[PDB]
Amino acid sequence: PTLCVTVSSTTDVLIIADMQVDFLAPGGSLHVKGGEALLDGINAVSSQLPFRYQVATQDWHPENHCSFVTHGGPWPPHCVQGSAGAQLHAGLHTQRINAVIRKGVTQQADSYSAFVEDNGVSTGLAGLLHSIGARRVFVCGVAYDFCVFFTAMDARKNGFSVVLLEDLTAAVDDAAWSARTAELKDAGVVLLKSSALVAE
(Lines of atoms letter the chains of each structure in order from A and count residues from 1; the text may use other names and numbers.)
(Lines give C-alpha, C1' and ligand atoms only; values in the text may rest on other atoms or scores of the structure.)
Protein backbone atom coordinates (compact mmCIF):
# COMPACT_ATOMS: atom_id res chain seq x y z
CA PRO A 1 0.00 0.00 0.00
CA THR A 2 1.49 3.29 1.26
CA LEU A 3 2.83 2.22 4.66
CA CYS A 4 2.99 -1.02 6.67
CA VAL A 5 2.32 -1.44 10.36
CA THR A 6 3.37 -4.77 11.83
CA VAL A 7 1.16 -6.07 14.64
CA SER A 8 3.32 -7.77 17.31
CA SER A 9 2.09 -10.63 19.54
CA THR A 10 4.34 -9.48 22.38
CA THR A 11 3.85 -5.76 22.32
CA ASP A 12 0.64 -4.59 20.56
CA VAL A 13 -2.78 -4.42 22.21
CA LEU A 14 -6.28 -3.63 20.88
CA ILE A 15 -9.15 -1.76 22.61
CA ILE A 16 -12.72 -2.14 21.31
CA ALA A 17 -14.79 0.69 22.55
CA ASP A 18 -18.44 0.61 23.69
CA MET A 19 -19.62 -1.74 20.95
CA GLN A 20 -22.99 -2.08 22.70
CA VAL A 21 -26.66 -2.40 21.69
CA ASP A 22 -27.54 1.08 23.00
CA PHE A 23 -25.01 2.79 20.73
CA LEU A 24 -25.36 0.53 17.72
CA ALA A 25 -28.89 -0.82 17.26
CA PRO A 26 -31.51 1.25 15.42
CA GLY A 27 -33.87 1.19 18.42
CA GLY A 28 -31.82 2.11 21.45
CA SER A 29 -31.19 5.24 23.43
CA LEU A 30 -27.98 6.71 22.05
CA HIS A 31 -27.79 5.48 18.46
CA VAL A 32 -24.45 6.41 16.83
CA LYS A 33 -24.96 6.84 13.07
CA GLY A 34 -22.88 4.36 11.08
CA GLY A 35 -22.38 2.40 14.33
CA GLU A 36 -23.12 -1.14 13.03
CA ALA A 37 -21.10 -0.68 9.78
CA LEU A 38 -17.93 -0.81 11.91
CA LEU A 39 -18.62 -4.40 13.08
CA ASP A 40 -17.53 -5.91 9.73
CA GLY A 41 -14.13 -4.16 9.93
CA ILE A 42 -13.52 -4.57 13.68
CA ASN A 43 -14.48 -8.26 13.61
CA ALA A 44 -11.82 -8.75 10.91
CA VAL A 45 -9.05 -6.90 12.76
CA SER A 46 -9.68 -8.77 16.04
CA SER A 47 -9.93 -11.98 13.95
CA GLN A 48 -6.91 -11.91 11.65
CA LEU A 49 -4.13 -10.03 13.46
CA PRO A 50 -2.19 -11.36 16.41
CA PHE A 51 -2.36 -8.75 19.20
CA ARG A 52 -0.78 -9.60 22.49
CA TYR A 53 -4.07 -8.81 24.16
CA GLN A 54 -7.58 -7.59 23.32
CA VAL A 55 -9.99 -5.60 25.52
CA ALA A 56 -13.56 -4.59 24.82
CA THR A 57 -15.11 -1.83 26.96
CA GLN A 58 -18.66 -1.49 28.37
CA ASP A 59 -20.56 1.69 29.39
CA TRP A 60 -22.31 0.36 32.47
CA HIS A 61 -24.52 2.92 34.30
CA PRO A 62 -26.90 2.34 37.25
CA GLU A 63 -30.68 3.01 36.90
CA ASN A 64 -30.27 6.55 38.32
CA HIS A 65 -26.85 7.69 37.08
CA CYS A 66 -25.79 11.35 37.07
CA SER A 67 -25.34 11.68 33.28
CA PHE A 68 -29.02 11.08 32.53
CA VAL A 69 -31.42 13.92 31.67
CA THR A 70 -33.72 12.56 34.43
CA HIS A 71 -30.98 13.53 36.90
CA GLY A 72 -29.61 16.65 35.17
CA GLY A 73 -27.06 15.16 32.76
CA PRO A 74 -26.50 15.48 28.97
CA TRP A 75 -27.75 12.06 27.92
CA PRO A 76 -30.91 9.92 27.78
CA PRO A 77 -30.65 6.81 29.99
CA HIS A 78 -28.44 4.29 28.20
CA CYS A 79 -26.43 1.15 29.05
CA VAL A 80 -28.25 0.58 32.36
CA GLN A 81 -26.66 -2.40 34.12
CA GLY A 82 -28.16 -5.73 32.96
CA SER A 83 -30.42 -3.93 30.53
CA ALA A 84 -30.49 -5.37 27.00
CA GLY A 85 -29.01 -2.14 25.58
CA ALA A 86 -25.98 -2.43 27.85
CA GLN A 87 -25.02 -5.77 26.29
CA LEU A 88 -22.32 -6.05 23.67
CA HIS A 89 -23.86 -6.24 20.19
CA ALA A 90 -24.55 -9.73 18.79
CA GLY A 91 -22.63 -8.89 15.60
CA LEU A 92 -19.38 -8.41 17.54
CA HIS A 93 -17.03 -11.44 17.75
CA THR A 94 -15.79 -11.68 21.35
CA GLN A 95 -13.81 -14.86 20.77
CA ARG A 96 -10.39 -13.14 20.63
CA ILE A 97 -11.15 -10.78 23.52
CA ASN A 98 -9.18 -11.45 26.71
CA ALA A 99 -11.07 -9.00 28.96
CA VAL A 100 -14.19 -6.85 29.18
CA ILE A 101 -13.75 -3.63 31.19
CA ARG A 102 -16.64 -1.58 32.54
CA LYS A 103 -16.92 2.18 33.17
CA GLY A 104 -19.38 4.78 34.54
CA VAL A 105 -20.20 2.43 37.34
CA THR A 106 -20.96 4.82 40.20
CA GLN A 107 -24.08 6.95 40.46
CA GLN A 108 -22.15 10.17 41.22
CA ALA A 109 -19.64 10.33 38.29
CA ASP A 110 -19.38 9.53 34.59
CA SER A 111 -16.37 8.17 32.71
CA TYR A 112 -15.53 8.41 29.05
CA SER A 113 -12.10 6.83 29.57
CA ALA A 114 -11.42 3.11 29.84
CA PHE A 115 -8.62 3.94 32.27
CA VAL A 116 -10.13 6.11 35.04
CA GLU A 117 -13.54 5.97 36.69
CA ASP A 118 -14.94 7.44 39.92
CA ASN A 119 -12.63 10.52 39.64
CA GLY A 120 -9.00 9.70 40.58
CA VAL A 121 -9.74 5.93 40.93
CA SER A 122 -8.43 3.57 38.24
CA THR A 123 -10.09 0.68 36.37
CA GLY A 124 -6.68 -1.05 36.56
CA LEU A 125 -6.51 -1.17 32.75
CA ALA A 126 -3.35 0.90 32.55
CA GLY A 127 -1.87 -1.39 35.19
CA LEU A 128 -2.85 -4.68 33.58
CA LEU A 129 -1.60 -3.65 30.12
CA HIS A 130 1.79 -2.44 31.44
CA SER A 131 1.92 -5.57 33.59
CA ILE A 132 1.72 -7.66 30.42
CA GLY A 133 4.39 -5.89 28.38
CA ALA A 134 2.09 -3.97 26.06
CA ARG A 135 3.85 -0.94 24.63
CA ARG A 136 1.56 0.29 21.80
CA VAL A 137 -2.27 0.29 21.86
CA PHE A 138 -4.71 0.37 18.95
CA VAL A 139 -8.18 1.84 19.38
CA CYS A 140 -11.43 1.31 17.44
CA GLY A 141 -15.17 1.52 18.22
CA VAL A 142 -17.49 4.22 19.58
CA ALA A 143 -17.89 7.06 20.33
CA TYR A 144 -15.05 8.74 18.43
CA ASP A 145 -15.72 12.10 20.12
CA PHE A 146 -16.11 10.42 23.57
CA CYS A 147 -14.97 6.93 24.67
CA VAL A 148 -12.45 6.57 21.84
CA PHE A 149 -11.19 10.13 22.31
CA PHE A 150 -10.61 9.98 26.08
CA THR A 151 -9.42 6.37 26.16
CA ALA A 152 -6.76 7.12 23.51
CA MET A 153 -5.76 10.25 25.42
CA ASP A 154 -5.49 8.53 28.81
CA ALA A 155 -3.40 5.84 27.10
CA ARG A 156 -0.88 8.56 26.13
CA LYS A 157 -1.14 9.99 29.65
CA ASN A 158 -0.10 6.50 30.84
CA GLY A 159 2.91 6.08 28.54
CA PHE A 160 1.54 3.93 25.69
CA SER A 161 1.99 4.55 21.97
CA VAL A 162 -1.45 5.11 20.58
CA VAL A 163 -2.75 4.33 17.10
CA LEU A 164 -6.37 5.14 16.29
CA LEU A 165 -7.90 2.97 13.60
CA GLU A 166 -9.47 5.87 11.68
CA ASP A 167 -11.95 3.93 9.50
CA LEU A 168 -13.16 1.78 12.46
CA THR A 169 -14.77 4.54 14.52
CA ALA A 170 -17.94 6.74 14.56
CA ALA A 171 -19.11 9.86 16.44
CA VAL A 172 -22.15 11.21 18.30
CA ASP A 173 -21.47 14.52 16.58
CA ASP A 174 -19.53 15.02 13.36
CA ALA A 175 -19.04 18.77 14.02
CA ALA A 176 -16.63 17.66 16.77
CA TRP A 177 -14.40 15.79 14.27
CA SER A 178 -12.24 18.83 13.52
CA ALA A 179 -11.68 19.76 17.17
CA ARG A 180 -11.05 16.22 18.44
CA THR A 181 -8.69 15.16 15.58
CA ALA A 182 -6.41 18.14 16.20
CA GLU A 183 -6.32 17.37 19.94
CA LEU A 184 -5.43 13.72 19.22
CA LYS A 185 -2.64 14.62 16.75
CA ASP A 186 -1.08 17.34 18.96
CA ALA A 187 -1.10 14.89 21.90
CA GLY A 188 0.92 12.54 19.68
CA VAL A 189 -1.75 9.98 18.78
CA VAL A 190 -1.33 8.67 15.27
CA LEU A 191 -4.43 8.16 13.14
CA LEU A 192 -4.26 5.29 10.70
CA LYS A 193 -6.50 3.34 8.31
CA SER A 194 -6.78 -0.35 9.36
CA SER A 195 -5.78 -1.57 5.85
CA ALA A 196 -2.20 -0.66 6.76
CA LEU A 197 -1.95 -3.43 9.36
CA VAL A 198 -0.14 -6.77 8.80
CA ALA A 199 0.76 -9.67 11.13
CA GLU A 200 4.29 -10.84 12.01
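Numbers for residues come from their place in the sequence shown, where the first is 1.
Task: Mean C-alpha temperature factor, higher of 168-176 and 46-54 - done: Looking at the recorded C-alpha B-factors, 168-176 comes out higher on average.
Open item on the list: If you average the CA temperature factors as listed in the entry, which stretch comes out higher, 152-160 or 31-39?
Closed with: Here the higher of the two C-alpha B-factor means belongs to 31-39.
Task: Options 85, 127, 73, 104 - largest CA temperature factor per the record - done: Comparing C-alpha B-factors across 85, 127, 73, 104, the maximum falls on 73.
- [ ] Would you mind finding, among 79, 97, 92, 109, the residue with the largest C-alpha temperature factor in the entry?
- [x] Comparing C-alpha B-factors across 79, 97, 92, 109, the maximum falls on 109.
TODO: Quick one: classify residue 63 as lowest, middle or highest third of the chain based on its Cα B-factor.
DONE: Highest third - that is where residue 63 ends up once the chain's C-alpha B-factors are sorted.
Open item on the list: Split into thirds by Cα B-factor across the chain's modelled residues, where does residue 22 land: lowest, middle or highest?
Closed with: Its C-alpha B-factor belongs to the middle third of this chain's values.
Task: Lowest, middle or highest third - CA B-factor, residue 189 - done: Answer is middle: the recorded C-alpha B-factor places it there.
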